[PDB]
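Note sheet for the following structure.
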4 protein chains.
Amino acid sequence: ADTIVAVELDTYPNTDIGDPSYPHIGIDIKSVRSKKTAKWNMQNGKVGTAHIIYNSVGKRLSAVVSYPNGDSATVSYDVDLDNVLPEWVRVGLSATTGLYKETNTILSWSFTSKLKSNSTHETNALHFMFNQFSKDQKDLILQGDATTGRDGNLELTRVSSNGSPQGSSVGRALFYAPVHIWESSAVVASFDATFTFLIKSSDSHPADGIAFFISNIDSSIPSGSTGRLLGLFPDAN
Amino acid sequence: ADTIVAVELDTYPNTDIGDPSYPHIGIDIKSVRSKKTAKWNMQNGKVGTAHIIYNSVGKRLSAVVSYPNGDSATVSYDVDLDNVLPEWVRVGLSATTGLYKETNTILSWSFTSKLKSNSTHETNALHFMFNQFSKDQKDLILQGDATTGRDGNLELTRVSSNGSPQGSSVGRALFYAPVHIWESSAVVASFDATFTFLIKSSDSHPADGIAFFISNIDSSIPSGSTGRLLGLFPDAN
Amino acid sequence: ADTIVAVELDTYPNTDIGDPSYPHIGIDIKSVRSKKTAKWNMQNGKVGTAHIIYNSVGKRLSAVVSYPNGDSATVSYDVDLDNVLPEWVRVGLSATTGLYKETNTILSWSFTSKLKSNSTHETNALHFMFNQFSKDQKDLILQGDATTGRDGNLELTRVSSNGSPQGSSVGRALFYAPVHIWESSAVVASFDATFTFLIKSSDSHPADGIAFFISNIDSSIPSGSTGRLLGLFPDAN
Amino acid sequence: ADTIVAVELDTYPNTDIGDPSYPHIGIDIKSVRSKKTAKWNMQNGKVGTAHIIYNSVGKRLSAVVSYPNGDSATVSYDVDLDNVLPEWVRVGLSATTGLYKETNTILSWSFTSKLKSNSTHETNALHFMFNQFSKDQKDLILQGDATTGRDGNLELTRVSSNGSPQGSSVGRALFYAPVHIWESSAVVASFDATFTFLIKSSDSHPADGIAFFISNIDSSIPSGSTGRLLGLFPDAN
Ligand SMILES: [Ca+2]
Ligand SMILES: [Ca+2]
Ligand SMILES: [Ca+2]
Ligand SMILES: [Ca+2]
Ligand SMILES: [Mn+2]
Ligand SMILES: [Mn+2]
Ligand SMILES: [Mn+2]
Ligand SMILES: [Mn+2]
């Protein structure tokens with residue numbers, strides 16, 4: 001079983017799994033049932049931006065999603081990740097469609113992570129930035145229906161030639177290099193991630209959403225994790 | 001009256017002002033009376049490192065001080081700085097000595113601040129790093145007894161030719177450029193700061209401490225702010 | 001007399017001062033007479049981007065200007081800046097108009113500079129980024145006709161209410177903090193700068209151009225340095 | 001056959017392969033026979049620092065090696081890498097010993113690479129920094145005799161339990177993620193790399209040296225490339 005920590009933009013309220021009554025941001029720790037959520041007003045066909053922040057001092061995971069018109073939603077959860085994740089992890093983006101559907105299109109993604117040790121600095125750090133994705137992007141590991149290069153963007157879930165989103169689709173993109181997320185001997189571990197995205201739906205009720213996630217290095221898409229499970233978890237426990 | 005927000009390494013417990021019974025880290029908002037403190041075991045003559053982190057999402061100010069031997073102390077306080085500081089500020093370091101004394105020596109200082117707007121990025125950012133200070137460091141504004149260039153370090157308070165710390169001393173160093181700390185239209189404002197320091201005392205009970213601070217751009221040392229007031233505040237209110 | 005090193009985007013050929021027979025990029029060292037130039041096809045009304053790069057190892061100053069359509073021009077010149085500039089400098093943008101005119105609009109500007117010493121690192125560095133300029137941008141020093149905040153941009157030369165460029169105009173913007181550009185004891189000093197710009201003209205030939213420059217810290221606009229002198233030099237020597 | 005571009009710190013002059021009559025820095029393009037070299041006074045047992053810089057504008061590859069005592073050597077070579085390397089590459093460190101020997105210890109290594117496209121920015125970038133290496137450093141690919149974790153350092157070539165260097169040894173470390181080094185449509189591609197190293201020898205002349213290199217993504221150590229071939233090239237052509 002993979003170990004997953006994620007921030008979800010959940011466009012589809014499955015109330016059966018503890019989802020709220022409306023599209024939402026949520027913080028998911030080893031469960032599809034968010035530890036915390038906040039109401040999110042999703043704008044169809046508009047380009048949004050998500051920022052994720054964490055530091056080992058405050059031990060608080062925070063996320064915000066905003067649109068150029070000023071609408072934004074934030075969620076924060078107090079958690080000590082030293083106690084959750086493995087020392088080494090990979091980070092990525094995941095997206096799905098269900099019975100209902102949407103394009104899950106990533107326009108850009110950047111990430112920064114830092115470890116300052118008991119050695120008093122001698123800091124290790126990683127930063128990457130993608131503002132365009134080519135057809136062969138060798139520094140990304142693509143899983144599922146994810147493709148790169150279409151209009152210089154990353155399409156996480158299946159889209160036809162004419163731009164129409166497909167249902168029952170799942171895809172993920174992980175950064176090629178492993179990340180050293182924490183160390184018992186680290187005095188501070190902190191990271192932030194940013195991505196811009198475009199969700200569009202022709203039909204009623206888009207679903208199911210997009211998530212930024214951190215997993216064990218060897219993580220792969222759990223079976224039947226399409227739709228409401230967001231390509232992250234094998235079940236709703 | 002200046003507006004001050006600071007993180008204090010308070011080596012001297014003035015219990016009269018609400019200081020704890022022991023040297024401590026503290027978070028000070030417009031008052032010398034910390035909103036929150038944590039016990040700190042100060043190691044005389046050892047080089048320490050302080051990290052300060054804040055983000056507008058979690059709205060939590062965090063600080064940690066550590067030594068190479070693994071000892072560290074952390075403190076966090078939930079605060080919305082949009083409601084405290086002016087839109088534009090300056091950042092700096094301050095240090096003092098009282099009746100008792102210590103060297104306040106800064107070995108290195110770095111800082112990073114970012115504003116992502118309602119414009120959806122078009123981000124503004126500032127970063128600077130000093131790992132050595134020359135005799136004339138033009139990008140620093142020195143106030144009080146602060147000097148640069150001695151052994152490539154920044155000495156915040158008065159030290160004689162032979163290295164002996166002087167009492168009743170106060171000094172500050174501010175970065176030359178103003179910083180845009182928040183904007184009503186900003187979706188995220190975040191910053192972090194790091195500095196390494198060396199506190200040494202020949203006599204009993206070093207005092208009074210060192211602080212990292214953010215103030216209105218025109219801030220200058222309040223009169224009689226030496227000793228326990230840390231060159232920050234005009235009084236103990 | 002100021003000491004000026006600049007990269008010019010010269011939209012107007014003043015053959016009398018050694019300018020080429022067409023708009024051009026040029027490298028100017030202590031003279032309006034470029035040490036090296038390259039032909040530049042300026043696109044009226046289009047948004048361009050300039051990048052400038054230098055390092056103390058190769059001791060080569062390089063610049064490129066490009067447009068989204070793929071047109072670009074580059075120029076490089078071998079030079080040891082240790083022998084030209086003062087140890088401490090300021091960096092800025094300058095623009096002018098003359099008998100002929102153009103808007104000199106800066107959309108964004110970023111800069112990074114680093115000094116790695118004989119101390120083996122203990123590196124000092126500065127980075128800033130502006131992707132929007134507000135009406136009161138405290139970390140910029142504005143000289144001449146330069147204004148900030150109009151459509152979130154920086155307008156270096158005078159523009160009327162209705163958007164019409166004015167003739168015989170000059171303006172500069174300098175970053176507020178001084179920059180430590182070289183040190184006798186530095187093993188490497190390197191910097192890069194980037195800005196995006198929009199030049200528009202209603203009338204016949206636009207003039208006179210925009211430059212990125214580095215000067216002594218107290219540099220101010222030389223008298224009569226409008227038009228072909230680009231606000232940088234007091235004469236054409 | 002791999003495609004290799006490297007900067008060599010050649011501690012052993014093999015005059016038979018065009019090496020100079022003294023230890024030297026060199027720039028090697030697809031050949032062990034440096035295109036350019038500079039005399040290098042290697043200090044046995046001292047910690048050195050190497051910096052490497054390149055940009056697509058100046059199209060000049062530069063390198064400097066320095067020690068804390070102020071001794072340094074630099075070498076530069078004009079080259080258009082667009083015409084040499086594949087679009088995607090990996091970067092790494094290599095070292096060898098031969099008949100003669102030395103420790104090839106890396107203390108720290110950082111790297112930054114950036115591509116600004118014809119799209120006008122939408123920049124892609126990668127940065128990493130190692131200031132300590134643990135026993136299991138998952139973001140490094142180790143080849144040959146290379147090991148990590150001994151005193152928090154990276155030992156590229158074989159060293160016994162007691163610290164004694166072994167002869168006829170070769171080892172390399174490559175960053176785990178591929179790097180997009182150029183693109184036909186990029187307006188600027190630039191990178192820099194820095195590492196600190198410790199070379200020690202008990203016996204008479206140390207050999208054979210350490211190199212920073214860029215290769216095709218699937219590059220592996222060519223057979224018999226120990227000693228003077230530095231683990232990079234299959235022959236001396
Ligand atoms: Ca769902
Ligand atoms: Ca006190
Ligand atoms: Ca001109
Ligand atoms: Ca050799
Ligand atoms: Mn949910
Ligand atoms: Mn206190
Ligand atoms: Mn000219
Ligand atoms: Mn050689």
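Simple scheme: letters A, B, ... for chains in structure tokens order, numbers from 1 for residues in each chain, numbers from 1 for ligands in the order shown.
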At a cut-off of 9 Å, using only C-alpha atoms, what residues contact range 171-186 of chain C? Leave out same-chain residues fewer than 6 positions from it and give the result as an NGL selection string. (:B and (137-140 or 175-178)) or (:C and (56 or 81-82 or 85-96 or 113-120 or 124-126 or 128 or 138-147 or 154-158 or 213 or 217 or 220-221 or 226 or 230-231)) or (:D and (70))
Can you check which residues of chain A DSSP gives as strand (DSSP E) on the backbone and send them as a ChimeraX atom specification? /A:4-10,24-29,36-39,47-55,60-66,72-78,88-96,103-117,121-130,140-144,147-150,153-155,170-175,179-180,186-200,209-216
Point-to-point distance in Å for CA of residue 164 in chain C and CA of residue 100 in chain C: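 Straight-line distance from CA of residue 100 in chain C to CA of residue 164 in chain C works out to 12.5 Å.
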Gap from CA of residue 104 in chain B to CA of residue 210 in chain B - Å, one decimal: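 Between CA of residue 104 in chain B and CA of residue 210 in chain B the gap is 7.0 Å.
For chain C, the residues no farther than 7 Å from chain D when using only C-alpha atoms are residues 49, 57, 58, 60, 62, 63, 64, 67, 68, 70, 74, 76, 118, 119 and 120 of chain C.
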With a cut-off of 10 Å, could you pull out the residues of chain A touching ligand 5 and give me the nearest pair of atoms for each, distance in Å to one decimal, using only C-alpha atoms and all ligand atoms, ordered by chain and ascending number, as CSV?
```
residue,atom,partner,partner_atom_place_in_ligand_line,distance
A:7,CA,ligand 5,1 (Mn),9.5
A:8,CA,ligand 5,1 (Mn),6.7
A:9,CA,ligand 5,1 (Mn),7.6
A:10,CA,ligand 5,1 (Mn),5.3
A:11,CA,ligand 5,1 (Mn),8.4
A:12,CA,ligand 5,1 (Mn),7.8
A:13,CA,ligand 5,1 (Mn),6.8
A:14,CA,ligand 5,1 (Mn),7.2
A:15,CA,ligand 5,1 (Mn),8.6
A:17,CA,ligand 5,1 (Mn),7.6
A:18,CA,ligand 5,1 (Mn),6.9
A:19,CA,ligand 5,1 (Mn),4.5
A:20,CA,ligand 5,1 (Mn),7.0
A:21,CA,ligand 5,1 (Mn),10.0
A:22,CA,ligand 5,1 (Mn),9.6
A:23,CA,ligand 5,1 (Mn),8.1
A:24,CA,ligand 5,1 (Mn),6.9
A:25,CA,ligand 5,1 (Mn),7.4
A:26,CA,ligand 5,1 (Mn),6.0
A:27,CA,ligand 5,1 (Mn),8.3
A:28,CA,ligand 5,1 (Mn),8.0
A:31,CA,ligand 5,1 (Mn),9.7
A:32,CA,ligand 5,1 (Mn),6.5
A:33,CA,ligand 5,1 (Mn),6.2
A:34,CA,ligand 5,1 (Mn),5.8
A:35,CA,ligand 5,1 (Mn),9.4
A:36,CA,ligand 5,1 (Mn),9.1
A:37,CA,ligand 5,1 (Mn),7.5
A:38,CA,ligand 5,1 (Mn),9.8
A:208,CA,ligand 5,1 (Mn),9.2
A:209,CA,ligand 5,1 (Mn),9.0
A:228,CA,ligand 5,1 (Mn),8.0
A:229,CA,ligand 5,1 (Mn),8.7
A:230,CA,ligand 5,1 (Mn),9.2
```
Just to be explicit: take each residue in the selection above, keep N, CA and C atoms, and write the result as a compact mmCIF listing (two decimals), in the first residue's frame.
```
# COMPACT_ATOMS: atom_id res chain seq x y z
N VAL A 7 -3.14 17.37 -1.41
CA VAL A 7 -4.10 18.46 -1.39
C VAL A 7 -5.01 18.30 -2.60
N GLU A 8 -6.30 18.17 -2.33
CA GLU A 8 -7.28 17.92 -3.39
C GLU A 8 -8.10 19.15 -3.74
N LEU A 9 -8.25 19.37 -5.04
CA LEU A 9 -9.28 20.23 -5.56
C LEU A 9 -10.32 19.26 -6.06
N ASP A 10 -11.41 19.17 -5.30
CA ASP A 10 -12.42 18.16 -5.50
C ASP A 10 -13.60 18.89 -6.11
N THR A 11 -13.82 18.65 -7.40
CA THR A 11 -14.85 19.38 -8.13
C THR A 11 -16.18 18.69 -7.97
N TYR A 12 -16.13 17.44 -7.53
CA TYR A 12 -17.32 16.64 -7.38
C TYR A 12 -17.56 16.15 -5.95
N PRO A 13 -18.67 16.57 -5.34
CA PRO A 13 -19.05 16.21 -3.98
C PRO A 13 -19.57 14.78 -3.84
N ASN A 14 -18.72 13.80 -3.54
CA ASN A 14 -19.29 12.50 -3.23
C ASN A 14 -19.51 12.47 -1.73
N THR A 15 -20.78 12.59 -1.34
CA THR A 15 -21.12 12.79 0.06
C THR A 15 -20.99 11.45 0.77
N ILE A 17 -18.52 9.48 0.60
CA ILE A 17 -17.15 9.38 1.12
C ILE A 17 -16.72 10.48 2.09
N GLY A 18 -17.66 11.33 2.50
CA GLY A 18 -17.37 12.36 3.48
C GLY A 18 -17.13 13.69 2.81
N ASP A 19 -17.17 13.69 1.48
CA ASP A 19 -17.08 14.94 0.73
C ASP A 19 -18.20 15.85 1.19
N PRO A 20 -17.92 17.15 1.20
CA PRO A 20 -18.90 18.20 1.44
C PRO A 20 -19.92 18.30 0.31
N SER A 21 -20.84 19.23 0.50
CA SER A 21 -22.06 19.43 -0.27
C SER A 21 -21.83 20.31 -1.49
N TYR A 22 -20.56 20.50 -1.83
CA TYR A 22 -20.13 21.50 -2.79
C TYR A 22 -18.66 21.26 -3.09
N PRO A 23 -18.19 21.73 -4.26
CA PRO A 23 -16.78 21.58 -4.63
C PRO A 23 -15.91 22.21 -3.56
N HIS A 24 -14.74 21.64 -3.33
CA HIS A 24 -13.98 22.02 -2.17
C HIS A 24 -12.49 21.79 -2.32
N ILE A 25 -11.72 22.54 -1.54
CA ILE A 25 -10.32 22.22 -1.31
C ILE A 25 -10.26 21.30 -0.10
N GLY A 26 -9.33 20.35 -0.10
CA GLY A 26 -9.19 19.51 1.06
C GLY A 26 -7.78 19.01 1.29
N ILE A 27 -7.51 18.64 2.54
CA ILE A 27 -6.22 18.09 2.91
C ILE A 27 -6.42 16.62 3.27
N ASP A 28 -5.76 15.74 2.53
CA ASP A 28 -5.97 14.31 2.67
C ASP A 28 -4.72 13.61 3.19
N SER A 31 -5.84 9.08 3.49
CA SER A 31 -7.26 8.78 3.33
C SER A 31 -7.89 9.70 2.30
N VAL A 32 -8.87 9.17 1.56
CA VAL A 32 -9.63 9.98 0.63
C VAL A 32 -10.58 10.89 1.40
N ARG A 33 -10.73 10.61 2.70
CA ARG A 33 -11.59 11.43 3.53
C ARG A 33 -10.74 12.53 4.12
N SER A 34 -10.97 13.74 3.63
CA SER A 34 -10.13 14.88 3.96
C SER A 34 -10.13 15.10 5.46
N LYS A 35 -8.98 15.45 6.02
CA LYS A 35 -8.91 15.80 7.43
C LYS A 35 -9.54 17.18 7.64
N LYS A 36 -9.45 18.02 6.61
CA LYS A 36 -10.04 19.35 6.62
C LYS A 36 -10.42 19.77 5.20
N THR A 37 -11.53 20.49 5.06
CA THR A 37 -11.96 21.00 3.76
C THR A 37 -12.41 22.45 3.85
N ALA A 38 -12.48 23.12 2.71
CA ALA A 38 -13.04 24.46 2.62
C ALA A 38 -13.83 24.60 1.33
N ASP A 208 -13.68 14.15 -11.62
CA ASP A 208 -13.79 14.33 -10.17
C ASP A 208 -12.82 15.30 -9.49
N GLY A 209 -11.75 15.69 -10.18
CA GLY A 209 -10.83 16.66 -9.62
C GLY A 209 -9.35 16.47 -9.93
N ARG A 228 -13.89 9.27 -8.21
CA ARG A 228 -13.86 9.95 -6.92
C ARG A 228 -12.62 9.68 -6.05
N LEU A 229 -11.84 8.66 -6.39
CA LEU A 229 -10.65 8.32 -5.61
C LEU A 229 -9.40 9.08 -6.08
N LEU A 230 -9.56 9.82 -7.17
CA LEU A 230 -8.56 10.78 -7.64
C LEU A 230 -7.20 10.17 -8.00
```
Neighbour list for residue 148 in chain A as a count of residues only, cut-off 6 Å, only C-alpha atoms, skip fewer than 6 positions in-chain: 4
In Å to one decimal, how far is CA of residue 132 in chain B from CA of residue 40 in chain B?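 Separating CA of residue 40 in chain B from CA of residue 132 in chain B is a distance of 26.8 Å.
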Can you tell me which residues surround residue 109 in chain B at a distance of at most 6 Å, considering only C-alpha atoms, apart from same-chain residues fewer than 6 positions away, and format the answer as a PyMOL selection string? chain B and resi 129-130+194-195
Got a sec to tell me which of range 7-179 of chain C DSSP assigns to helix (DSSP H, G or I), as a PyMOL selection string? chain C and resi 15-17+81-83
Hey, can you spit out that residue selection with N, CA and C atoms as an mmCIF file, in the first residue's frame?
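Once everything was written out, this is result-v8.cif:
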```
data_model
loop_
_atom_site.group_PDB
_atom_site.id
_atom_site.type_symbol
_atom_site.label_atom_id
_atom_site.label_comp_id
_atom_site.auth_asym_id
_atom_site.auth_seq_id
_atom_site.Cartn_x
_atom_site.Cartn_y
_atom_site.Cartn_z
ATOM 1 N N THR C 15 23.902 58.299 -36.965
ATOM 2 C CA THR C 15 25.140 57.883 -37.601
ATOM 3 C C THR C 15 26.265 58.829 -37.210
ATOM 4 N N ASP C 16 25.885 60.040 -36.823
ATOM 5 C CA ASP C 16 26.840 61.052 -36.403
ATOM 6 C C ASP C 16 27.624 60.648 -35.149
ATOM 7 N N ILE C 17 27.039 59.770 -34.338
ATOM 8 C CA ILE C 17 27.681 59.302 -33.106
ATOM 9 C C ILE C 17 28.142 57.850 -33.174
ATOM 10 N N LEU C 81 35.294 43.791 -16.245
ATOM 11 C CA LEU C 81 34.584 44.849 -15.528
ATOM 12 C C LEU C 81 35.255 45.294 -14.227
ATOM 13 N N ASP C 82 36.085 44.414 -13.681
ATOM 14 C CA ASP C 82 36.928 44.730 -12.540
ATOM 15 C C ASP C 82 37.685 46.014 -12.846
ATOM 16 N N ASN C 83 37.958 46.246 -14.127
ATOM 17 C CA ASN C 83 38.802 47.358 -14.541
ATOM 18 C C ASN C 83 37.991 48.566 -14.997
#
```
If we count only C-alpha atoms, what is near residue 45 in chain C at a cut-off of 7 Å, once residues fewer than 5 positions away on the same chain are taken out, given as a ChimeraX atom specification? /C:198-200
Please provide as a count of residues only all residues within 6 Å of residue 206 in chain A, with the sequence filter that same-chain residues fewer than 5 positions apart are discarded (counting only C-alpha atoms). 4
